[PDB]
Amino acid sequence: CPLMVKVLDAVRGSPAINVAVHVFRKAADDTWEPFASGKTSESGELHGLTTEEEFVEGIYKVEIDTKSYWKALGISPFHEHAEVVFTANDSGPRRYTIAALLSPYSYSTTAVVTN
Amino acid sequence: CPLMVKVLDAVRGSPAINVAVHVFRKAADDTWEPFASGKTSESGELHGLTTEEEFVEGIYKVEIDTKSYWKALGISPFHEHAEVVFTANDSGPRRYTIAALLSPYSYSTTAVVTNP
Amino acid sequence: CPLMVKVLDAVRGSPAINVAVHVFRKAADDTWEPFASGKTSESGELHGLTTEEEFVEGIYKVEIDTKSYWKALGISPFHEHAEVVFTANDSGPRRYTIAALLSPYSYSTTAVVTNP
Amino acid sequence: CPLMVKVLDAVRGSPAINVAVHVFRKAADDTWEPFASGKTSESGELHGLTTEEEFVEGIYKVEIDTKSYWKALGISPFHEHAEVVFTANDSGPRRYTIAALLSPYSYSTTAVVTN
Ligand SMILES: O=C(O)CON=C1c2cc(Br)ccc2-c2ccc(Br)cc21
């Protein structure tokens, strides 16, 4: 599992559950091509997005659909979604974990890259 | 200004200076149209991107070119940019300050919204 | 000012207003002595805590009373405060801006340090 | 394991390894009494700090010794240490995870409280 996404709710101090996540890969014509997607689990995590074979070097975008998450909680948010855009590199460690910490008017995102 | 972008460097404890910022607005055909752009000042701030007249209701994307910033300091960072996508002025005109705090493998983006 | 504290609310996208801030300085006997205190303004900022004369080298603690802030908004938060502990002026006088961004179960604290 | 601490390095995109962590509990005379301590593992985590029996309601402080971490990396940091002060509550979920994301001149800390 070379790509995992983890989402936390900073308002409730809890995993952000049932958050839609869409991954895209940049195509040769500079458009974003759908690559993988899912919803975060009860632990705020999304695994099984891709395989080692398919996750080749390239530019990827992870969209986390934060607005719909906050709307479900009755909380008015700022962002439409959190975006994380990066180049996958074979030189570095083999596992990427994209973490996101969400508040209504702020988010932070961190990449933890390990072997 | 109705729209101001501020960028800070969490490694150096400084403003992030001369960072390129591109603003786009979503068109009726769902494409991202260019809206405004500039570079952060010595204070890490970018003012004068738009006017209250031109900054109508819509979905806007602020793209902060963080990779180029880090590379110039000798650092190879994780992200290509920091993106900030939001609906603006849907409840009438507001003033928006979009801040980003940058580290090589992490960033945070925050908005402060004030009613004139 | 050589020391400025800024506090923002990540739930509302606003300054955090009227937040109590206590500054302490570590004494020779390793105790925390009171140094300055105040409350954030309508802009979420607290200026005028100290002077360049009084703000000597030392270890300082800035305690931001976040629990009381959240409780007044009807929220029961996780943290009692946000604490910010740092050595100041060890390489000569510097200007320090300490910011805190608050959510009920999370906060971030950042420093921007500039040489006069 | 009712209390866990997890520390990440935002500069290197990696778990923050071998970081000293000291936990204190507030005594009746308002002093901080040493309660538990350890160093983060290769995964940036510290488990086994306390037990369900000993972790009673009260005010606790978790100090994360960030300055020594950065000094080891040759990076000049702002903070002496990251502090996290909170009241343990029996009404809520039974597990506290204190997470910290570290940069030289900034840190963020989040509590994830789950069952
Ligand atoms: O990283 C943190 O802990 C919070 O940082 N966010 C900041 C900030 C930090 C500092 Br230091 C100075 C000004 C601002 C600011 C000014 C405007 C807006 Br919007 C946000 C911020």
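Below, read A as the first sequence line, B as the second, and so on, with proteins coming before strands; counting in each chain starts at 1. In listed order, ligands and their atoms are each counted from 1. The figures here come from the full heavy-atom set of this structure, side chains too, leaving out hydrogens, waters and symmetry mates.
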**OP:** Report yes if some N/O of B:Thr110 lies less than 3.5 Å from some N/O of ligand 1; otherwise report no.
**Re:** no
Original post:
In ligand 1, which numbered atoms sit nearer than 4.0 Å to a non-hydrogen atom of C:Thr109?
Top reply: 3 (O)
**OP:** Below 4.0 angstrom from a heavy atom of C:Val112, which ligand 1 atoms are there? Numbered from 1 as shown, please.
**Re:** 11 (Br)
Original post:
Just checking, any donor-acceptor pair under 3.5 angstrom between side chains of C:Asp65 and C:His81?
Top reply: yes
Subject >> Stepwise salt bridge (charged side-chain N to carboxylate O under 4.0 Å, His left out) check, B:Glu33 with B:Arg25 >> reply: CA-CA 5 Å; B:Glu33 304 286 350; B:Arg25 184 183 177 277; over 6 Å; no
Original post:
Do B:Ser76 and B:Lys71 have side-chain N/O donor and acceptor atoms under 3.5 Å apart?
Top reply: yes
Original post:
Does C:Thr97 reach ligand 1 with a nitrogen or oxygen that is under 3.5 Å from one of the ligand's nitrogen or oxygen atoms?
Top reply: no
Subject >> Taking atom 21 (C) of ligand 1 as the reference point, the nearest protein heavy atom with its distance >> reply: C:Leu8 CD1, 3.7 Å
Original post:
For atom 14 (C) of ligand 1, what is the nearest protein heavy atom, given as residue, atom name and distance?
Top reply: B:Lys6 CE, 3.8 Å
Original post:
What's the spacing between A:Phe24 CZ and A:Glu83 CD if we round to 0.5 Å?
Top reply: 8.0 Å
**OP:** Compute whether any side-chain donor of one residue and acceptor of the other, for C:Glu80 and D:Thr87, lie under 3.5 angstrom apart.
**Re:** yes
Original post:
Does a donor on one side chain and an acceptor on the other come within less than 3.5 Å for D:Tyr69 and D:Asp9?
Top reply: yes
**OP:** May I ask you to list the atoms of ligand 1 that are less than 4.0 angstrom from any heavy atom of B:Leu101?
**Re:** 1 (O)
